[PDB]
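Read from first to last, the chains carry the letters A, B, C, D, E, F, G, H and I; within each, the first residue is number 1.
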Amino acid sequence: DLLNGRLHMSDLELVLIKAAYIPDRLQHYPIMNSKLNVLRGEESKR
Amino acid sequence: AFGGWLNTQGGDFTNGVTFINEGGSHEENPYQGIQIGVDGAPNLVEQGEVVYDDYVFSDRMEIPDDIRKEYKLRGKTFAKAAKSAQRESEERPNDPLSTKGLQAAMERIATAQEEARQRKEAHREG
Amino acid sequence: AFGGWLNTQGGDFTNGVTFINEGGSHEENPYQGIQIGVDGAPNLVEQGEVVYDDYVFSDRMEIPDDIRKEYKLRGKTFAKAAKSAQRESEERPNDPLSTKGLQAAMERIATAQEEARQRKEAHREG
Amino acid sequence: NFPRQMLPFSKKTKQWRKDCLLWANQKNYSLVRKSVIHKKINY
Amino acid sequence: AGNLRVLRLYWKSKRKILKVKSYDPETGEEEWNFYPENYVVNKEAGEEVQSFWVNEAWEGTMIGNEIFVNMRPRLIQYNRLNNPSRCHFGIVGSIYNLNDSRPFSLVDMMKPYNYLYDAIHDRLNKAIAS
Amino acid sequence: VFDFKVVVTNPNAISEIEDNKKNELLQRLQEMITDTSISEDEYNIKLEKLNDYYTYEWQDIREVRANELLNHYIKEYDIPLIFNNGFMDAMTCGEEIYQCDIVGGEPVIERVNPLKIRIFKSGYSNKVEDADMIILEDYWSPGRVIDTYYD
Amino acid sequence: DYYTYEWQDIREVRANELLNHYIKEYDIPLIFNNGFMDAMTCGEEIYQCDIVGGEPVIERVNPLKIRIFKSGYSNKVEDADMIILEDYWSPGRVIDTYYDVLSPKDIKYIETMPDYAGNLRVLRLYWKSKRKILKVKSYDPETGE
Amino acid sequence: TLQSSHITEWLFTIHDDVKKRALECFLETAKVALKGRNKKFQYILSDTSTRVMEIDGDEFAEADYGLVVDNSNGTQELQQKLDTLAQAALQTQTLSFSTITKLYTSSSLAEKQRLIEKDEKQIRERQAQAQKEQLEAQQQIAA
Amino acid sequence: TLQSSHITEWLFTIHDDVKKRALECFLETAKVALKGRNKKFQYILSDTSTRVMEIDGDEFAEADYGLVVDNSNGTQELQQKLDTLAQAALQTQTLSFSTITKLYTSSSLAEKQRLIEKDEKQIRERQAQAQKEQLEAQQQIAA
């Protein structure tokens, strides 16, 4: 899900939401995708 | 022509059976027949008969019940029996199973007609 | 067809046994049998017999108790004994152990049938 | 209701195929595709 | 405009076929073949027959609401040599997804940044105006 | 680079059935050239033309036919532009779909809009060919329906 | 020219022919790329080999849809004794894989489902059973070996 | 820029896979189209190509006959090797300019392979028979 | 970048091992599928390849017969050596164009090895019989 751009707020804190809005939910910025993309792209051209 | 052909998608696909219609009986046609080809050079056919792999199914003839029960024919005349055997192949000329089934059914009906013909000529000569 | 075959995963795998079924007795078949192959050219077989490695196991013949106790057969006929010896090999035709066991059992049953036929022939000529 | 497809070829008549097409007209969800609204927003 | 709604349906129907076990006349080599349901098994020759239901691709097109055209099995059966049930339509494609999930396209990952860019540049435009 | 050629996966793999089919094709061609050639006037020309096919194989003839079909239609339809448009759509949606069909008796290949296709009954399958039911709803011009369904 | 060949050479030629043809046919490299991504995400890379329709096929297994039991702290998947693969297949796929064994009752079951997606839960069990086999010691008749 | 190209090589790889499958589907569609009484295929195909359809089994996929659409380094390498081989054959007076043109306008690797083989065989046979002719001429002169 | 490539070469190494084992698995799967009455294998395989299954050793893994799927520097070096050696053999008139194409279209190191050996033996025998024929021609002239 992280690689597909979904952040589970129950995976980084205790949730004291289910509404898809930032004032209580947290944005995800996919900065990990490029790192794995480099390696898979190198795998193809080996 | 809708007889033995599937003219769809801008093409003309055939299952091999040749619906020979619109000409007329041998006696009613001044050239005595449609004259499909030249091979006996006068290869003549009438409106009721159909052809598959250069062999003719007679529409004038009838299937005796003995030959209906074994070889399991459906039509009353041999031509109608082939018009019943090829119905599944008419909508799917490119299916390998349909071609094999048509090949087998056509062989069966051809052998049935040969048996009918030899029986008839034997009875007539008797 | 399920006769000595394991048709699974879109394939046709056999253990070498040929269940020659659906034909009929020698007298009831107009062609005197199924005529599996040409080699004596008329190699005829009936519905109850089974073949392994071009050796025919006969169904009309029975198993003498003397030949039952030695070689440890199970069926009342030789065909039934072959159908009982190859039960394991049907579901696993690829296993090396199954092939070795089938070869050994078929050799045993073949020797048993040869002994039975020899005894019957000697008794009849007696 | 989508008509029965486990039939002989003879019983797959004109009305059967028309029923199939009428069902298709009567109509989406998929397990590995985004919604059409998402794609339209992207475009 | 003056166009016609053309709805084309593709679907895999199920067809009854027969697997026939027949012996080679010359050699004692049992063989296999596939035939339609109308094929009569040749008894008196050892032809064992078993019936299977097998996929078959069908098509049909509605034009407007009154026209019904080309309702038949697809004449292009993308058949395989050994499997009569392996067929499909002319449609070929793929999803650029990860592990059976929905596709997280490039536009999807760039879109939040574009929205933030639009918001910040709206602030910039208001500041310029003021 | 766009060089999509049909290639024999095992060019040095020949079997009895391939040889039999090659012999059937050569016999058929021999009968035809015997029929068309008018009493030795160009019969030897046909033998000269078909003598170089004795060193061919069944797989070679099939590969040749496939290559001429694909080459001609790639050069005709400008298929790489279709693939470029599909690639852009894949970037936008992660879905790249193409339809191949027979129109007017010729084969044609078209790019399916992802918003105008309904794919039903797939098994978490990444490929579109595994789907059991597809609906394509688009608004065609009258000319196109007549060009496709005149017959 | 095959008189100059050897048994190992003929076997190698056959194996290379098979792998060459099927690697070009299936684009096995793309399957390996997807498996590499799955491995980087999970630390797990799995592939299934099977016969479907009479041909050998190769698939990438979802790490979330394979249950591996009775392994010995082994990083390899081949060492497992029981594997359950639970996935949802389309009716077309199950008929494409099991036409030769599906009964008319089962096909009616496929038809008679309500189909409110319309996929079928295909659970496949793999388990290592045990068989009783005999180790028989025999002397070569010609030589006392 | 290479390490940046790695980031999108996954996208390009799936694209090439989709292209291969689409071309295979189009090839099968064309195969079916051949048996539809279209005279266009009489012009873009040769004789033997138009008689392949007469043989049985044309209704099945080409992947089941050993033929696959391929765009890989292997096929491009093979094409390059064949082209340089033909160029080397032109030198040494082994391969004729007409057949060189045929190779340059072939579009099929096996076709050019068989052309090279044919010309090699023809030239070697001509050399052998010329040698025999010279030897027998000398022998009869001595006789 | 090389020292950074070292950081992920462990991932790539285990990936290569998994790929090797998967290909051995697929090879055994194909071996079992061979003996299942499929006509596809008659097209992608030769006659000897289809006849190997008739021997009673086909039920076991190819690893037990001295055959392994391998992608290591040894095999690439052996391929490069064989190809360069064939190129050197083409010049000096020791290897035929047809057999060169067969090497380029082999996929098996053993097959191309045997092709090179066969061509050597054939050409050496032809050379030797040429010398013998010339020598006896001179001898009978003198006689």
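A few notes on this one:
Basically, contacts are C-beta pairs under 8 Å (C-beta built on N, C-alpha and C of every residue); 3 or more make two chains touch, one makes a residue touch a chain.
Steps from chain C to chain D, taking the shortest chain of touch contacts, total 2. Chain centre most remote from that of chain B: A (centre = mean of CA atoms).
If you tally contacting C-beta pairs for each pair of chains, F-H comes out on top. One inter-chain figure worth recording: chain D and chain F are separated by 28 Å, centre to centre, where each centre is the mean of the chain's CA atoms.
Here the CA centre of chain F is 32 Å from the CA centre of chain I.
One inter-chain figure worth recording: chain C and chain I are separated by 44 Å, centre to centre, where each centre is the mean of the chain's CA atoms. Multi-chain contact residues of chain H, defined as those touching 2 or more other chains: 3, 10-11, 13-14, 17-18, 20-22, 25, 28-29, 32-33, 36-38, 57, 59-60, 64-66, 68, 70, 78, 113, 117. Within chain B, contacts with two or more other chains are made by residues 8-9, 11-13, 88, 93-96. By the touch criterion stated above, chain G contacts chain E in their complex at residues 37-38, 41, 52-55, 62-65, 92, 95-96, 99-100, 102, 104, 107. Residues 1-2, 4-5, 8-22, 28, 32, 35-36, 39-40, 45, 47, 49-51, 54-56, 58, 78 of chain G touch chain I in their complex.
Every residue of chain D that touches chain F in the complex is listed here, in rising order: 24, 27-28, 30-34, 36, 39-40, 42-43. Chain F contributes residues 101-106, 148, 150-151 to its touches with chain B in the complex.
Those residues of chain E that touch chain G in the complex are listed here as 12, 14, 19, 52-55, 80, 82-86, 98-100.
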